[PDB]
$ cat work-v7.pdb   # PDB, C-alpha atoms and all ligand atoms
ATOM      1  CA  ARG A  20      19.094  11.368  -4.447
ATOM      2  CA  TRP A  21      18.201   8.191  -6.313
ATOM      3  CA  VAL A  22      20.935   9.407  -8.669
ATOM      4  CA  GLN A  23      23.651   8.680  -6.177
ATOM      5  CA  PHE A  24      22.287   5.202  -5.525
ATOM      6  CA  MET A  25      22.215   4.571  -9.247
ATOM      7  CA  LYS A  26      25.725   5.772  -9.761
ATOM      8  CA  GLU A  27      26.833   3.339  -7.129
ATOM      9  CA  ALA A  28      24.858   0.618  -8.901
ATOM     10  CA  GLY A  29      26.586   1.526 -12.151
ATOM     11  CA  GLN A  30      29.984   1.289 -10.489
ATOM     12  CA  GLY A  31      28.953  -1.977  -8.840
ATOM     13  CA  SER A  32      27.880  -3.450 -12.169
ATOM     14  CA  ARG A  33      31.299  -2.676 -13.653
ATOM     15  CA  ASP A  34      32.965  -4.335 -10.697
ATOM     16  CA  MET A  35      30.833  -7.365 -11.473
ATOM     17  CA  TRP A  36      31.826  -7.319 -15.119
ATOM     18  CA  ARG A  37      35.434  -6.815 -14.125
ATOM     19  CA  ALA A  38      35.272  -9.960 -12.010
ATOM     20  CA  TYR A  39      33.715 -11.939 -14.861
ATOM     21  CA  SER A  40      36.221 -10.827 -17.497
ATOM     22  CA  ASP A  41      39.165 -11.343 -15.177
ATOM     23  CA  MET A  42      37.949 -14.823 -14.596
ATOM     24  CA  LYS A  43      37.864 -15.740 -18.291
ATOM     25  CA  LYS A  44      41.191 -13.970 -18.810
ATOM     26  CA  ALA A  45      42.773 -15.805 -15.885
ATOM     27  CA  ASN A  46      41.353 -19.139 -16.980
ATOM     28  CA  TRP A  47      42.414 -20.717 -13.701
ATOM     29  CA  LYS A  48      40.905 -23.980 -12.450
ATOM     30  CA  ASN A  49      38.684 -23.502  -9.469
ATOM     31  CA  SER A  50      38.879 -19.736  -9.553
ATOM     32  CA  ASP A  51      35.178 -19.073  -9.907
ATOM     33  CA  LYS A  52      34.313 -18.724  -6.281
ATOM     34  CA  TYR A  53      37.128 -16.266  -5.835
ATOM     35  CA  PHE A  54      35.942 -14.008  -8.648
ATOM     36  CA  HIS A  55      32.321 -14.279  -7.496
ATOM     37  CA  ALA A  56      33.343 -13.164  -4.017
ATOM     38  CA  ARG A  57      35.683 -10.457  -5.332
ATOM     39  CA  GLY A  58      33.140  -8.887  -7.653
ATOM     40  CA  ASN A  59      30.497  -8.798  -4.919
ATOM     41  CA  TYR A  60      33.064  -7.496  -2.430
ATOM     42  CA  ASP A  61      34.278  -4.675  -4.701
ATOM     43  CA  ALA A  62      30.714  -3.804  -5.729
ATOM     44  CA  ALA A  63      29.334  -3.650  -2.189
ATOM     45  CA  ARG A  64      32.153  -1.345  -1.106
ATOM     46  CA  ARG A  65      30.877   1.202  -3.622
ATOM     47  CA  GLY A  66      28.003   1.720  -1.218
ATOM     48  CA  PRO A  67      24.342   0.576  -0.990
ATOM     49  CA  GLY A  68      23.814   0.996  -4.729
ATOM     50  CA  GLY A  69      26.789  -1.220  -5.517
ATOM     51  CA  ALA A  70      25.711  -3.904  -3.050
ATOM     52  CA  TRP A  71      22.251  -3.887  -4.617
ATOM     53  CA  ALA A  72      23.689  -4.215  -8.129
ATOM     54  CA  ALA A  73      25.897  -7.124  -7.062
ATOM     55  CA  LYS A  74      22.912  -8.966  -5.591
ATOM     56  CA  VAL A  75      20.699  -8.335  -8.621
ATOM     57  CA  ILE A  76      23.447  -9.446 -11.011
ATOM     58  CA  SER A  77      24.265 -12.497  -8.891
ATOM     59  CA  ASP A  78      20.618 -13.599  -8.887
ATOM     60  CA  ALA A  79      20.344 -12.994 -12.635
ATOM     61  CA  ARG A  80      23.293 -15.354 -12.997
ATOM     62  CA  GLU A  81      21.726 -17.933 -10.676
ATOM     63  CA  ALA A  82      18.448 -17.828 -12.606
ATOM     64  CA  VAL A  83      20.243 -18.521 -15.895
ATOM     65  CA  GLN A  84      22.225 -21.309 -14.213
ATOM     66  CA  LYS A  85      19.028 -22.980 -13.004
ATOM     67  CA  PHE A  86      17.448 -22.719 -16.451
ATOM     68  CA  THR A  87      20.413 -24.382 -18.157
ATOM     69  CA  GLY A  88      21.007 -27.040 -15.505
ATOM     70  CA  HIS A  89      23.208 -26.359 -12.491
ATOM     71  CA  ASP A  93      27.047 -25.663  -7.973
ATOM     72  CA  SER A  94      24.567 -22.781  -7.590
ATOM     73  CA  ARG A  95      24.331 -22.678  -3.781
ATOM     74  CA  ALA A  96      28.112 -22.753  -3.505
ATOM     75  CA  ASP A  97      28.312 -19.836  -5.929
ATOM     76  CA  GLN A  98      25.706 -17.850  -3.998
ATOM     77  CA  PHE A  99      27.624 -18.606  -0.808
ATOM     78  CA  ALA A 100      30.757 -17.089  -2.351
ATOM     79  CA  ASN A 101      28.694 -14.173  -3.674
ATOM     80  CA  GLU A 102      27.239 -13.339  -0.276
ATOM     81  CA  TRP A 103      30.573 -13.902   1.427
ATOM     82  CA  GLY A 104      32.201 -11.055  -0.486
ATOM     83  CA  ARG A 105      29.066  -8.895  -0.478
ATOM     84  CA  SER A 106      29.002  -9.018   3.331
ATOM     85  CA  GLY A 107      32.555  -7.663   3.427
ATOM     86  CA  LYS A 108      34.482 -10.873   4.014
ATOM     87  CA  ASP A 109      37.818 -11.420   2.248
ATOM     88  CA  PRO A 110      37.465 -13.028  -1.208
ATOM     89  CA  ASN A 111      41.020 -14.351  -0.797
ATOM     90  CA  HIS A 112      39.691 -17.201   1.343
ATOM     91  CA  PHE A 113      38.556 -18.673  -1.983
ATOM     92  CA  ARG A 114      41.808 -17.811  -3.722
ATOM     93  CA  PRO A 115      43.310 -20.760  -5.637
ATOM     94  CA  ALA A 116      47.051 -21.177  -5.044
ATOM     95  CA  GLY A 117      49.164 -19.543  -7.734
ATOM     96  CA  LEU A 118      46.524 -17.022  -8.784
ATOM     97  CA  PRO A 119      48.514 -14.014 -10.094
ATOM     98  CA  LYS A 120      48.567 -10.981  -7.788
ATOM     99  CA  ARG A 121      46.772  -8.843 -10.382
ATOM    100  CA  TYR A 122      43.452 -10.658  -9.879
TER     101      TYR A 122
ATOM    102  CA  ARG B  20      20.436 -15.072 -25.162
ATOM    103  CA  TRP B  21      20.484 -12.287 -22.664
ATOM    104  CA  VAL B  22      18.368 -10.407 -25.154
ATOM    105  CA  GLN B  23      15.822 -13.070 -24.449
ATOM    106  CA  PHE B  24      16.366 -12.740 -20.734
ATOM    107  CA  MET B  25      15.918  -9.020 -20.939
ATOM    108  CA  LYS B  26      12.770  -9.410 -22.982
ATOM    109  CA  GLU B  27      11.290 -11.690 -20.294
ATOM    110  CA  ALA B  28      12.396  -9.155 -17.693
ATOM    111  CA  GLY B  29      10.605  -6.379 -19.558
ATOM    112  CA  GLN B  30       7.395  -8.403 -19.802
ATOM    113  CA  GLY B  31       7.617  -9.549 -16.195
ATOM    114  CA  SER B  32       8.085  -5.948 -15.108
ATOM    115  CA  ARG B  33       4.945  -4.953 -16.959
ATOM    116  CA  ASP B  34       3.015  -7.773 -15.345
ATOM    117  CA  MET B  35       4.209  -6.366 -12.057
ATOM    118  CA  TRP B  36       3.229  -2.803 -12.705
ATOM    119  CA  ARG B  37       0.014  -3.988 -14.124
ATOM    120  CA  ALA B  38      -0.613  -5.838 -10.907
ATOM    121  CA  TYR B  39       0.008  -2.722  -8.895
ATOM    122  CA  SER B  40      -2.139  -0.644 -11.207
ATOM    123  CA  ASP B  41      -5.056  -3.014 -10.924
ATOM    124  CA  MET B  42      -4.864  -2.915  -7.182
ATOM    125  CA  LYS B  43      -5.241   0.862  -6.949
ATOM    126  CA  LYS B  44      -8.178   0.424  -9.346
ATOM    127  CA  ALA B  45     -10.021  -1.391  -6.629
ATOM    128  CA  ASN B  46      -9.512   0.257  -3.263
ATOM    129  CA  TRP B  47     -10.398  -2.966  -1.644
ATOM    130  CA  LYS B  48     -11.338  -5.112   1.220
ATOM    131  CA  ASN B  49      -7.986  -6.662   2.094
ATOM    132  CA  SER B  50      -6.935  -7.198  -1.511
ATOM    133  CA  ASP B  51      -3.157  -6.768  -1.157
ATOM    134  CA  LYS B  52      -1.780 -10.287  -1.159
ATOM    135  CA  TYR B  53      -3.747 -11.300  -4.264
ATOM    136  CA  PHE B  54      -2.283  -8.539  -6.427
ATOM    137  CA  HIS B  55       1.233  -9.194  -5.150
ATOM    138  CA  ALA B  56       0.933 -12.909  -5.872
ATOM    139  CA  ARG B  57      -0.655 -12.388  -9.283
ATOM    140  CA  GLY B  58       2.048 -10.007 -10.461
ATOM    141  CA  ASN B  59       4.806 -12.428  -9.494
ATOM    142  CA  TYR B  60       2.827 -15.360 -10.881
ATOM    143  CA  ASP B  61       2.239 -13.542 -14.175
ATOM    144  CA  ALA B  62       5.839 -12.352 -14.258
ATOM    145  CA  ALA B  63       7.255 -15.810 -13.524
ATOM    146  CA  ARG B  64       5.159 -17.223 -16.334
ATOM    147  CA  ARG B  65       7.179 -15.200 -18.767
ATOM    148  CA  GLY B  66      10.291 -17.168 -18.003
ATOM    149  CA  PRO B  67      13.575 -16.834 -16.030
ATOM    150  CA  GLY B  68      14.008 -13.151 -16.842
ATOM    151  CA  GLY B  69      10.437 -12.587 -15.717
ATOM    152  CA  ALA B  70      10.889 -14.487 -12.456
ATOM    153  CA  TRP B  71      14.130 -12.595 -11.898
ATOM    154  CA  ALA B  72      12.451  -9.246 -12.598
ATOM    155  CA  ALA B  73       9.497  -9.999 -10.324
ATOM    156  CA  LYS B  74      11.998 -10.601  -7.540
ATOM    157  CA  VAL B  75      14.021  -7.405  -7.985
ATOM    158  CA  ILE B  76      10.814  -5.354  -8.119
ATOM    159  CA  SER B  77       9.363  -7.133  -5.088
ATOM    160  CA  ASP B  78      12.563  -6.693  -3.056
ATOM    161  CA  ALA B  79      12.867  -3.088  -4.126
ATOM    162  CA  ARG B  80       9.336  -2.378  -3.148
ATOM    163  CA  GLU B  81      10.053  -3.881   0.234
ATOM    164  CA  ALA B  82      13.205  -1.788   0.552
ATOM    165  CA  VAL B  83      11.292   1.458   0.028
ATOM    166  CA  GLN B  84       8.750   0.261   2.599
ATOM    167  CA  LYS B  85      11.578   0.140   5.071
ATOM    168  CA  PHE B  86      11.214   3.934   5.583
ATOM    169  CA  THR B  87       7.454   3.752   6.063
ATOM    170  CA  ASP B  93       3.360  -5.303   6.456
ATOM    171  CA  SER B  94       6.437  -6.152   4.408
ATOM    172  CA  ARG B  95       6.966  -9.812   5.114
ATOM    173  CA  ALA B  96       3.349 -10.733   4.449
ATOM    174  CA  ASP B  97       3.659  -9.129   1.019
ATOM    175  CA  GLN B  98       6.844 -11.094   0.395
ATOM    176  CA  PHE B  99       5.093 -14.354   1.242
ATOM    177  CA  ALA B 100       2.444 -13.546  -1.353
ATOM    178  CA  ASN B 101       5.154 -12.491  -3.809
ATOM    179  CA  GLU B 102       7.001 -15.802  -3.542
ATOM    180  CA  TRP B 103       3.708 -17.696  -3.573
ATOM    181  CA  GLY B 104       2.833 -16.437  -7.044
ATOM    182  CA  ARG B 105       6.438 -16.486  -8.228
ATOM    183  CA  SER B 106       6.685 -20.199  -7.414
ATOM    184  CA  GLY B 107       3.591 -20.808  -9.516
ATOM    185  CA  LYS B 108       1.129 -21.461  -6.705
ATOM    186  CA  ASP B 109      -2.302 -20.030  -7.448
ATOM    187  CA  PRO B 110      -2.802 -16.292  -6.701
ATOM    188  CA  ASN B 111      -6.568 -16.768  -6.247
ATOM    189  CA  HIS B 112      -5.775 -18.318  -2.895
ATOM    190  CA  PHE B 113      -5.615 -14.777  -1.596
ATOM    191  CA  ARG B 114      -8.603 -13.444  -3.490
ATOM    192  CA  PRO B 115     -10.932 -11.469  -1.236
ATOM    193  CA  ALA B 116     -14.725 -11.707  -1.073
ATOM    194  CA  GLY B 117     -16.126 -11.289  -4.577
ATOM    195  CA  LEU B 118     -13.282  -9.583  -6.453
ATOM    196  CA  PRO B 119     -14.280  -8.295  -9.846
ATOM    197  CA  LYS B 120     -13.680 -10.643 -12.759
ATOM    198  CA  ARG B 121     -10.928  -8.860 -14.712
ATOM    199  CA  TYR B 122      -8.461  -9.105 -11.829
TER     200      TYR B 122
ATOM    201  CA  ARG C  20      31.822  -7.430 -28.574
ATOM    202  CA  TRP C  21      30.758  -7.240 -24.931
ATOM    203  CA  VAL C  22      33.629  -4.855 -24.225
ATOM    204  CA  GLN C  23      32.249  -2.359 -26.749
ATOM    205  CA  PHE C  24      28.724  -2.708 -25.371
ATOM    206  CA  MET C  25      29.982  -2.101 -21.883
ATOM    207  CA  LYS C  26      31.871   0.916 -23.100
ATOM    208  CA  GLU C  27      28.805   2.449 -24.706
ATOM    209  CA  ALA C  28      26.754   1.731 -21.579
ATOM    210  CA  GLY C  29      29.295   3.576 -19.448
ATOM    211  CA  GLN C  30      29.224   6.570 -21.778
ATOM    212  CA  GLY C  31      25.430   6.579 -21.953
ATOM    213  CA  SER C  32      25.232   6.411 -18.168
ATOM    214  CA  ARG C  33      27.451   9.449 -18.026
ATOM    215  CA  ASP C  34      25.170  11.189 -20.528
ATOM    216  CA  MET C  35      22.285  10.392 -18.265
ATOM    217  CA  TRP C  36      24.096  11.760 -15.184
ATOM    218  CA  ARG C  37      25.046  14.825 -17.159
ATOM    219  CA  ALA C  38      21.430  15.527 -18.127
ATOM    220  CA  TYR C  39      20.217  15.207 -14.535
ATOM    221  CA  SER C  40      23.112  17.389 -13.393
ATOM    222  CA  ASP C  41      22.350  19.979 -16.072
ATOM    223  CA  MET C  42      18.693  19.944 -15.044
ATOM    224  CA  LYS C  43      19.701  20.710 -11.489
ATOM    225  CA  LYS C  44      22.024  23.543 -12.363
ATOM    226  CA  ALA C  45      19.565  25.119 -14.759
ATOM    227  CA  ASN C  46      16.684  24.983 -12.324
ATOM    228  CA  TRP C  47      14.458  26.045 -15.118
ATOM    229  CA  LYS C  48      10.738  25.848 -15.130
ATOM    230  CA  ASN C  49       9.095  23.159 -17.224
ATOM    231  CA  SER C  50      12.471  21.746 -18.276
ATOM    232  CA  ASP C  51      12.568  18.131 -17.042
ATOM    233  CA  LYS C  52      11.060  16.585 -20.130
ATOM    234  CA  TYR C  53      13.884  18.236 -22.150
ATOM    235  CA  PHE C  54      16.640  16.879 -19.927
ATOM    236  CA  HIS C  55      14.972  13.472 -19.753
ATOM    237  CA  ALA C  56      14.770  13.521 -23.561
ATOM    238  CA  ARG C  57      18.277  14.932 -23.977
ATOM    239  CA  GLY C  58      19.898  12.386 -21.696
ATOM    240  CA  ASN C  59      18.298   9.499 -23.570
ATOM    241  CA  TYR C  60      19.172  11.087 -26.924
ATOM    242  CA  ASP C  61      22.857  11.532 -26.104
ATOM    243  CA  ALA C  62      22.931   8.062 -24.552
ATOM    244  CA  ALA C  63      21.347   6.213 -27.486
ATOM    245  CA  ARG C  64      23.838   7.884 -29.817
ATOM    246  CA  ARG C  65      26.661   6.099 -28.077
ATOM    247  CA  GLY C  66      25.523   2.785 -29.508
ATOM    248  CA  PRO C  67      23.282  -0.092 -28.325
ATOM    249  CA  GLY C  68      25.033  -0.199 -24.948
ATOM    250  CA  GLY C  69      24.140   3.443 -24.429
ATOM    251  CA  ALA C  70      20.494   3.095 -25.436
ATOM    252  CA  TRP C  71      20.276   0.138 -23.089
ATOM    253  CA  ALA C  72      21.855   1.993 -20.161
ATOM    254  CA  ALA C  73      19.501   4.920 -20.722
ATOM    255  CA  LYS C  74      16.498   2.608 -20.690
ATOM    256  CA  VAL C  75      17.610   0.869 -17.498
ATOM    257  CA  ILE C  76      18.105   4.236 -15.812
ATOM    258  CA  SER C  77      14.832   5.672 -17.131
ATOM    259  CA  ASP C  78      12.875   2.585 -16.034
ATOM    260  CA  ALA C  79      14.538   2.512 -12.624
ATOM    261  CA  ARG C  80      13.538   6.149 -12.171
ATOM    262  CA  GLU C  81       9.926   5.407 -13.051
ATOM    263  CA  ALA C  82       9.967   2.508 -10.585
ATOM    264  CA  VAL C  83      11.093   4.709  -7.690
ATOM    265  CA  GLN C  84       8.449   7.316  -8.567
ATOM    266  CA  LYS C  85       5.738   4.682  -8.230
ATOM    267  CA  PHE C  86       6.918   3.278  -4.891
ATOM    268  CA  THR C  87       6.932   6.763  -3.450
ATOM    269  CA  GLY C  88       5.066   9.820  -4.593
ATOM    270  CA  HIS C  89       6.807  11.248  -7.712
ATOM    271  CA  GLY C  90       4.150   9.436  -9.765
ATOM    272  CA  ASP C  93       3.694  12.212 -13.759
ATOM    273  CA  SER C  94       5.587   9.050 -14.876
ATOM    274  CA  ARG C  95       3.980   8.333 -18.259
ATOM    275  CA  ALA C  96       4.872  11.841 -19.413
ATOM    276  CA  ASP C  97       8.484  11.399 -18.285
ATOM    277  CA  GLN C  98       8.743   8.048 -20.048
ATOM    278  CA  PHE C  99       7.288   9.546 -23.226
ATOM    279  CA  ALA C 100      10.117  12.082 -23.250
ATOM    280  CA  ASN C 101      12.686   9.391 -22.406
ATOM    281  CA  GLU C 102      11.582   7.171 -25.276
ATOM    282  CA  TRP C 103      11.279  10.147 -27.618
ATOM    283  CA  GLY C 104      14.903  11.105 -27.096
ATOM    284  CA  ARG C 105      16.087   7.493 -27.038
ATOM    285  CA  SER C 106      14.515   6.826 -30.443
ATOM    286  CA  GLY C 107      16.656   9.623 -31.874
ATOM    287  CA  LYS C 108      14.002  12.323 -32.081
ATOM    288  CA  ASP C 109      14.851  15.940 -31.259
ATOM    289  CA  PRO C 110      15.062  16.646 -27.490
ATOM    290  CA  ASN C 111      14.365  20.309 -28.332
ATOM    291  CA  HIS C 112      10.743  19.302 -28.904
ATOM    292  CA  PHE C 113      10.442  19.713 -25.124
ATOM    293  CA  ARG C 114      12.705  22.759 -24.761
ATOM    294  CA  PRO C 115      10.992  25.430 -22.658
ATOM    295  CA  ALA C 116      11.194  29.098 -23.598
ATOM    296  CA  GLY C 117      14.424  30.706 -22.466
ATOM    297  CA  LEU C 118      16.541  27.679 -21.523
ATOM    298  CA  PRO C 119      20.171  28.739 -21.815
ATOM    299  CA  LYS C 120      21.725  27.698 -25.007
ATOM    300  CA  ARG C 121      24.527  25.609 -23.483
ATOM    301  CA  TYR C 122      21.941  23.096 -22.339
TER     302      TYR C 122
HETATM  303  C1  LIG A 201      11.911  -2.903 -15.231
HETATM  304  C2  LIG A 201      12.968  -3.427 -14.315
HETATM  305  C3  LIG A 201      13.818  -2.649 -13.703
HETATM  306  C4  LIG A 201      13.382  -1.767 -12.607
HETATM  307  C5  LIG A 201      13.968  -1.839 -11.435
HETATM  308  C6  LIG A 201      13.669  -1.018 -10.257
HETATM  309  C7  LIG A 201      12.414  -1.231  -9.483
HETATM  310  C8  LIG A 201      14.577  -0.118  -9.894
HETATM  311  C9  LIG A 201      14.477   0.710  -8.717
HETATM  312  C10 LIG A 201      15.161   0.217  -7.691
HETATM  313  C11 LIG A 201      15.314   0.760  -6.340
HETATM  314  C12 LIG A 201      15.008   2.183  -6.059
HETATM  315  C13 LIG A 201      15.759  -0.035  -5.365
HETATM  316  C14 LIG A 201      15.942   0.487  -3.963
HETATM  317  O1  LIG A 201      16.563  -0.518  -3.147
HETATM  318  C15 LIG A 201      15.239  -2.762 -14.212
HETATM  319  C16 LIG A 201      15.322  -2.006 -15.516
HETATM  320  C17 LIG A 201      16.186  -2.175 -13.191
HETATM  321  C18 LIG A 201      15.699  -4.193 -14.491
HETATM  322  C19 LIG A 201      14.546  -5.129 -14.897
HETATM  323  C20 LIG A 201      13.282  -4.877 -14.089
END

$ encode --input "work-v7.pdb" --output "C-alpha cells"
Amino acid sequence: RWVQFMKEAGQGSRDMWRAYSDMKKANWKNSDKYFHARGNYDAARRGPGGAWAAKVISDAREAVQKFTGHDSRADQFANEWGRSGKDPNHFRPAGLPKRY
Amino acid sequence: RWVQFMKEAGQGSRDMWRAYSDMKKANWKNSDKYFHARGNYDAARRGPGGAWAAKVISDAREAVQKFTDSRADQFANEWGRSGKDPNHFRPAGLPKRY
Amino acid sequence: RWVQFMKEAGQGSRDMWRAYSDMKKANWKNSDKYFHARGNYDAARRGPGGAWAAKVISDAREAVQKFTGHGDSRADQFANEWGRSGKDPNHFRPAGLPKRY
C-alpha cells in the first residue's frame, strides 16, 4: 500500500541524512558532489519511495540555496546522476576514505 | 530556520488544498488551470517552503494521475508558482471569492 | 541535536508503522481512528522528532486520500492530532478491541 512507499521514503530520507552527515564528518574539499550523488543513489535503490524522497529533499535543499544566494545546477546534476543509478564514484575526490 | 521552512510548507500546502477544495465547489466550465495556478501562486507567496511544497504536491498529484491532461495542469502550476497571474486562466464569469 | 531529532523521527515512524500493522491484524470494525490516534500518540512521546514524523506521515496519508478516493479525511486527521497532542487514544477505542492493541 501507500505504507510501503512511505517506508521506502523513510529509508531514503535516512540515506540522504547519512550522506549529509558523512560529508560534514569527512570535511573533504570538493566532496559535495560525491555525497549528493551517493545519497540520491542509495535512496533511489530503496525503491520508488526512496527515489521520491531523494528528489523532494534535493529540491528542498536547492530552494534554500536559492534563497540564501547560490553552484546549484551542478549540485542538481550530481543529485540526478546518482538518483538515475549512475555511480557516485565518478565525483569521488582522490583520497576520500573507503568508508564514505 | 528549517522550522521557518516547514511553516511556509504547511501554509503553502493549505493554499494548495484550499485551491483544490474551491475547485470542487464550482463544478465548472473549464476551470481547472485557474485553480492549479492560484494554489501554486498562493503557496509560492508564502516563501521558499511554500514554493517547495506547492511543487511536491503538484508533482505528486501528477504522479497519481499517471494511473488514470497532466502536462497542461503542470503548466498552470508553474505559471502560478513563478508568480505570473492566475487570473489569466479564469473562465467566463467565475464567482468573486475564487 | 539533529542526531537526536533524527533518532526520535525514526522511532516515531516505527510507531506509525506499528499502528497501521496492528490495525491490519486486528481487522476490527470502527477501529481506524484508534490506531490513527495511537500511532500519533506513541510517536509524539518519542520527542519532537517523533511528533514531526507522525505529522508528516499523517499529512501524506491525507494527501493520497484526496488524490484518489479514500476522502473521511477530516475525521482521520482529528484522531491523528488528538493522539499527537498527547490525549488518550482510547477515546476512539471501539467495543471489544483486544487488549494488546
Ligand atoms: C503537506 C505536505 C506534505 C504532503 C505531501 C504529499 C502530497 C504526500 C503524498 C505523496 C505521494 C503519494 C506521492 C506519490 O508519488 C508533506 C508533509 C509530505 C511535506 C510538505 C507538504

$ resolve_selection --input "work-v7.pdb" --expression "the PyMOL selection byres ((chain A and not hetatm) within 9 of (chain B))" --output "list in words"
residues 75, 78, 79, 82, 83, 85 and 86 of chain A

$ residues_near_ligand --input "work-v7.pdb" --ligand "ligand LIG 201 (chain A)" --cutoff "6 Å" --atoms "only C-alpha atoms and all ligand atoms" --output "PyMOL selection string"
(chain B and resi 28-29+32+72+76+79+82) or (chain C and resi 75+78-79+82-83)

$ atom_distance --input "work-v7.pdb" --atom1 "CA of residue 49 (chain B)" --atom2 "CA of residue 95 (chain B)"
15.6 Å

$ resolve_selection --input "work-v7.pdb" --expression "the PyMOL selection byres (((chain B and resi 105-110) around 10) and not hetatm)" --output "compact mmCIF listing (two decimals) with C-alpha atoms, in the frame of the given file"
# COMPACT_ATOMS: atom_id res chain seq x y z
CA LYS B 52 -1.78 -10.29 -1.16
CA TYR B 53 -3.75 -11.30 -4.26
CA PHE B 54 -2.28 -8.54 -6.43
CA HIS B 55 1.23 -9.19 -5.15
CA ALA B 56 0.93 -12.91 -5.87
CA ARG B 57 -0.66 -12.39 -9.28
CA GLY B 58 2.05 -10.01 -10.46
CA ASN B 59 4.81 -12.43 -9.49
CA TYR B 60 2.83 -15.36 -10.88
CA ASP B 61 2.24 -13.54 -14.18
CA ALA B 62 5.84 -12.35 -14.26
CA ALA B 63 7.26 -15.81 -13.52
CA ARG B 64 5.16 -17.22 -16.33
CA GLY B 69 10.44 -12.59 -15.72
CA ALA B 70 10.89 -14.49 -12.46
CA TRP B 71 14.13 -12.60 -11.90
CA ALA B 73 9.50 -10.00 -10.32
CA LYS B 74 12.00 -10.60 -7.54
CA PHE B 99 5.09 -14.35 1.24
CA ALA B 100 2.44 -13.55 -1.35
CA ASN B 101 5.15 -12.49 -3.81
CA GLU B 102 7.00 -15.80 -3.54
CA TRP B 103 3.71 -17.70 -3.57
CA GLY B 104 2.83 -16.44 -7.04
CA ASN B 111 -6.57 -16.77 -6.25
CA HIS B 112 -5.78 -18.32 -2.90
CA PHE B 113 -5.62 -14.78 -1.60
CA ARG B 114 -8.60 -13.44 -3.49

$ interface_residues --input "work-v7.pdb" --of "chain C" --to "chain A" --cutoff "8 Å" --atoms "all atoms listed in the file" --output "PyMOL selection string"
chain C and resi 32+36+76+80

$ residues_around --input "work-v7.pdb" --residues "residue 103 (chain C)" --least-positions-apart "3" --cutoff "10 Å" --atoms "all atoms listed in the file" --output "MDAnalysis selection string"
chainID C and resid 52 55:57 59:60 97:100 106:110 112:113

$ atom_distance --input "work-v7.pdb" --atom1 "CA of residue 80 (chain B)" --atom2 "CA of residue 122 (chain B)"
20.9 Å

$ atom_distance --input "work-v7.pdb" --atom1 "CA of residue 37 (chain C)" --atom2 "CA of residue 58 (chain C)"
7.3 Å

$ resolve_selection --input "work-v7.pdb" --expression "the PyMOL selection byres (((chain A and resi 34) around 8) and not hetatm)" --output "ChimeraX atom specification"
/A:30-33,35-38,58-59,61-62

$ axis_aligned_box --input "work-v7.pdb" --around "region 20-36 of chain B" --padding-each-side "3 Å" --output "lines of an AutoDock Vina configuration file"
center_x = 11.7
center_y = -8.9
center_z = -18.6
size_x = 23.5
size_y = 18.3
size_z = 19.1

$ closest_residue --input "work-v7.pdb" --among "B:38, B:96, B:83, B:25" --to "chain C" --atoms "only C-alpha atoms"
B:83

$ closest_atom_pairs --input "work-v7.pdb" --of "region 39-87 of chain A" --to "region 106-114 of chain A" --cutoff "9 Å" --atoms "all atoms listed in the file" --output "Markdown table"
| residue | atom | partner | partner_atom | distance |
| --- | --- | --- | --- | --- |
| A:49 | CA | A:114 | CA | 8.7 |
| A:50 | CA | A:114 | CA | 6.8 |
| A:51 | CA | A:113 | CA | 8.6 |
| A:52 | CA | A:113 | CA | 6.0 |
| A:53 | CA | A:113 | CA | 4.8 |
| A:54 | CA | A:110 | CA | 7.7 |
| A:55 | CA | A:110 | CA | 8.2 |
| A:56 | CA | A:110 | CA | 5.0 |
| A:57 | CA | A:110 | CA | 5.2 |
| A:58 | CA | A:110 | CA | 8.8 |
| A:59 | CA | A:106 | CA | 8.4 |
| A:60 | CA | A:107 | CA | 5.9 |
| A:61 | CA | A:107 | CA | 8.8 |
| A:63 | CA | A:107 | CA | 7.6 |
| A:64 | CA | A:107 | CA | 7.8 |
| A:70 | CA | A:106 | CA | 8.8 |
